[PDB]
Amino acid sequence: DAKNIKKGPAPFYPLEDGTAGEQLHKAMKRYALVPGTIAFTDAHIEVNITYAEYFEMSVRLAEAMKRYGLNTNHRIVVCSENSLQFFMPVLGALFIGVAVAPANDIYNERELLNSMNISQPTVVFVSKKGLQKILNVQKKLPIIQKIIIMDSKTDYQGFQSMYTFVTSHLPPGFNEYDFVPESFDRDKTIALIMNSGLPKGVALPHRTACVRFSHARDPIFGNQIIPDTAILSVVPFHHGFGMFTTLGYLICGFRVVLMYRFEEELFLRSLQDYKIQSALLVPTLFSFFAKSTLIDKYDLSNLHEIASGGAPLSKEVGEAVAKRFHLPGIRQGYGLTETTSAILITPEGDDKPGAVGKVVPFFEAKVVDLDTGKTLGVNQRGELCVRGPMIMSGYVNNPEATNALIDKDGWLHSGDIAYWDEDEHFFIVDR
Ligand SMILES: Oc1csc(-c2nc3ccc(NC4=CC=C4)cc3s2)n1
């Protein structure tokens, strides 16, 4: 110390001001003004929704929730499998500083109850197939006073859709392109309450999404903003890996192709036909594609990268997948729910097998001795600790669990074993 604290380089672009709502609003308004720019594509049903459509419905949902009465003292739950509609109430609530709690749509009723007992939402957005579970949770959590169906146009089984709800509360003359997103304190207004014994609520201020948005547009730590870039994401939107890659893709103006049910031929054909440049996989899908022999039958010449993951993958698995996809390697990244997003990212092209990446801008990371907490040195194995502005502000009504994890020095103890090498690539040791 000082040379055993690994530091992230400066951001290519300075850190934008304003809330996460404001930066999303600003970027998506610009993309909305180009007709036909695609935001999301559902691979199963083949429908595209454009930035204009997405911007206007999100702005309308923002103003409708504001006029309903929701403010920074309220939370919503968005409970739905990955869908064209998922990010509409997410964006609307961020535009007005209402915290959003994504609800694992393959939670059973009990997992659902505990998730929402922590987040205490006033309004629930849910897909049709989640409705009866929400209703049963409402019997035990009557703070849920309003339930809105996401994947309907008309009312559904007595409940308003997002479209009928918006119509009920927009003022006459509402103009989507005059709407101004709320300004408020970036550090103290919670953007997301993510789920991590029993899961905890992880409160993430807007600031931490604003920092992710720096990483997402970064030419080294994210993606170059280039027109007609398309992503294939098969990662759940309600978990932090899918939440904050997708928001970053929206701020980049990318086309986000989604699948909520993995199928081998549909995935490969979607890579081919949508000329996908980046594909996102959960760890166990890497093992799957290590076994796949169909990859050669598809034109994947546009494929530039495959990114992971919660994980970390084995070095052997990542090398086998990379070979099959005729790529030089896998672009890994590492983070926890409590760090918002990845705080260790494989730099563009700076690719190394088994490595999880380097420290991201605004962060620092070290490896401490498992017995003493002392800062270790190159290739020394110990506990990974990270410090930076994407760390959560704490667990929700659980300051004891918060303090076990983050000291007064603001260092986050990942509970993972790690080491960094000569060129400062981090590796995670599997326990
Ligand atoms: O558990 C948990 C919560 S958040 C999270 C991750 N976020 C990212 C983001 C990017 C990435 N890889 C970049 C994308 C170009 C390489 C890997 C990961 S892993 N994991």
Side-chain angles (χ1 to χ4, degrees), residues 8 12 102 104 191-196 199-204 208-209 211-226 229-252 254 256 276-286 303-313 318 321-322 327-363 365 384 386 388 390-392 395 405 412 414-416 418 425-428:
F12 195 75
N104 195 312
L192 280 307
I193 293 166
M194 306 299 285
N195 280 322
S196 77
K200 307 157 189 56
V202 173
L204 300 172
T208 86
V211 173
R212 169 66 199 162
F213 297 159
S214 176
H215 301 146
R217 310 171 260 196
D218 191 291
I220 299 311
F221 293 79
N223 299 284
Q224 249 292 2
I225 290 194
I226 292 180
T229 294
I231 312 304
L232 183 55
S233 187
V234 64
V235 174
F237 290 163
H238 49 84
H239 173 276
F241 185 26
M243 171 55 64
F244 294 100
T245 54
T246 309
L247 288 172
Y249 298 142
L250 292 176
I251 214 157
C252 291
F254 290 170
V256 179
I276 303 295
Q277 276 106 343
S278 299
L280 268 72
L281 300 171
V282 296
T284 48
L285 287 194
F286 279 87
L303 185 62
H304 178 64
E305 61 173 25
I306 299 181
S308 59
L313 322 160
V321 174
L327 301 184
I330 300 304
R331 190 152 178 222
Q332 292 177 79
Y334 170 96
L336 311 171
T337 309
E338 291 84 353
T339 67
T340 303
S341 177
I343 42 64
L344 300 160
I345 292 183
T346 303
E348 173 58 39
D350 190 6
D351 163 34
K352 171 128 59 181
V356 96
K358 301 173 139 148
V359 188
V360 301
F362 308 99
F363 262 79
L384 174 62
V386 300
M390 284 193 304
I391 283 161
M392 69 166 183
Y395 294 115
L405 185 66
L412 191 141
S414 71
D416 271 310
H425 286 33
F426 283 64
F427 296 71
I428 305 289

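Atoms considered below: every heavy atom in the structure, side chains included; atoms not considered: hydrogens, waters and symmetry mates. One-based numbering, in listed order, for ligands and for the atoms of each. Here, residue 1 is the first one in the sequence, and each next residue gets the next number.
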Trainee: Quick one: do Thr346 and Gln332 satisfy side-chain hydrogen bond (donor to acceptor under 3.5 Å, both in side chains)? Show the steps, please.
Mentor: CA-CA 6 Å; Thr346 303; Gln332 292 177 79; 5.6 Å; no

Trainee: Which residue holds the protein heavy atom closest to atom 14 (C) of ligand 1, what is that atom called, and what is the gap in Å?
Mentor: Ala307 CB, 4.1 Å

Trainee: Begin with the C-alpha distance, continue with both residues' side-chain angles, and end with the deciding distance and a verdict on side-chain contact (heavy atoms from CB on, under 4.5 Å) for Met390 and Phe362.
Mentor: CA-CA 9 Å; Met390 284 193 304; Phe362 308 99; over 6 Å; no

Trainee: Can you tell me how far CZ of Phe244 sits from CG of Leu192, rounded to the nearest 0.5 angstrom?
Mentor: 4.0 Å

Trainee: Apply side-chain contact (heavy atoms from CB on, under 4.5 Å) to the pair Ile226 and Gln277, showing each step before the final yes or no.
Mentor: CA-CA 11 Å; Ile226 292 180; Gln277 276 106 343; over 6 Å; no

Trainee: Run the numbers for me: atoms of ligand 1, each under 4.0 Å from some heavy atom of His239, listed by number.
Mentor: 1 (O), 2 (C), 3 (C)

Trainee: Within a distance under 4.0 Å of any heavy atom of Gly240, pick out the atoms of ligand 1 and give their elements.
Mentor: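 Contacts of ligand 1 toward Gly240, numbered from 1: 4 (S).
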
Trainee: Run the numbers on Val359 and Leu344 for side-chain contact (heavy atoms from CB on, under 4.5 Å), then give the verdict.
Mentor: CA-CA 5 Å; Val359 188; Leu344 300 160; 3.9 Å; yes

Trainee: Output the list of atoms in ligand 1 that are nearer than 4.0 Å to some heavy atom of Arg331, sorted by atom number.
Mentor: 15 (C), 16 (C)

Trainee: Find the distance between CD (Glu305) and CD (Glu348) and round it off to the nearest 0.5 Å.
Mentor: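 The CD atom of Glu305 sits 6.0 Å away from the CD atom of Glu348.
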
Trainee: With a 4.0 Å heavy-atom cut-off (strictly under), which part of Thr346 contacts ligand 1: side chain, backbone, both or neither?
Mentor: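 Neither; no heavy atom under 4.0 Å.
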
Trainee: Would you say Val386 and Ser414 make side-chain contact, with heavy atoms under 4.5 Å?
Mentor: no

Trainee: Tell me which protein heavy atom sits closest to atom 9 (C) of ligand 1, plus the residue, atom name and distance to 0.1 Å.
Mentor: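 Protein heavy atom at minimum distance: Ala342 CB, 3.5 Å.
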
Trainee: Nearest to atom 3 (C) of ligand 1 by heavy atom, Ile330, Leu336, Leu344, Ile231: which?
Mentor: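 Comparing heavy atoms across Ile330, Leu336, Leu344, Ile231, the nearest one to atom 3 (C) of ligand 1 lies in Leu336.
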
Trainee: Between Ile220 and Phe12, is any pair of side-chain heavy atoms under 4.5 Å apart?
Mentor: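 Sidechains of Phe12 and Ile220: no contact.
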
Trainee: Quick one: nearest non-hydrogen protein atom to atom 6 (C) of ligand 1, plus distance?
Mentor: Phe241 CD1, 3.6 Å

Trainee: Applying a strict 4.0 Å limit to heavy atoms, is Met243 in contact with ligand 1?
Mentor: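 Not so, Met243 does not reach ligand 1.
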
Trainee: For ligand 1, does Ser308 get within less than 4.0 Å through its side chain, its backbone, both, or neither, judged by non-hydrogen atoms?
Mentor: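 The answer is the backbone of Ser308.
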
Trainee: Check for me whether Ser278 has a heavy atom closer than 4.0 Å to any atom of ligand 1.
Mentor: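 No, that is not the case, since the closest heavy atom of the residue is not under 4.0 Å from the ligand.
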
Trainee: Considering non-hydrogen atoms of the protein only, which is the closest contact for atom 13 (C) of ligand 1, and what is the distance?
Mentor: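 Result for atom 13 (C) of ligand 1: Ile345 CG2, 4.2 Å.
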
Trainee: Would you please test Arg331 and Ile345 for side-chain contact (heavy atoms from CB on, under 4.5 Å) and show each step?
Mentor: CA-CA 8 Å; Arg331 190 152 178 222; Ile345 292 183; 4.2 Å; yes

Trainee: Nearest to atom 19 (S) of ligand 1, what protein heavy atom do you find, and at what distance?
Mentor: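 Nearest protein contact, heavy atoms only, for atom 19 (S) of ligand 1 is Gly309 O, 3.2 Å.
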
Trainee: I'd like to check which ligand 1 atoms, numbered from 1 as shown, lie under 4.0 Å from a non-hydrogen atom of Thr337.
Mentor: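 Per the distance check, 3 (C).
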
Trainee: Look up atom CG in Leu280 and atom OG1 in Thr246, then write down how far apart they are to the nearest 0.5 Å.
Mentor: 7.5 Å

Trainee: Could you list which atoms of ligand 1 come closer than 4.0 Å to a heavy atom of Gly335?
Mentor: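 So the answer, numbered in order with elements, is 1 (O), 2 (C), 20 (N).
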
Trainee: Under 4.0 angstrom from ligand 1, any heavy atom of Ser341?
Mentor: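 In this structure, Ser341 qualifies as a contact of ligand 1 - some heavy atom is under 4.0 Å.
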
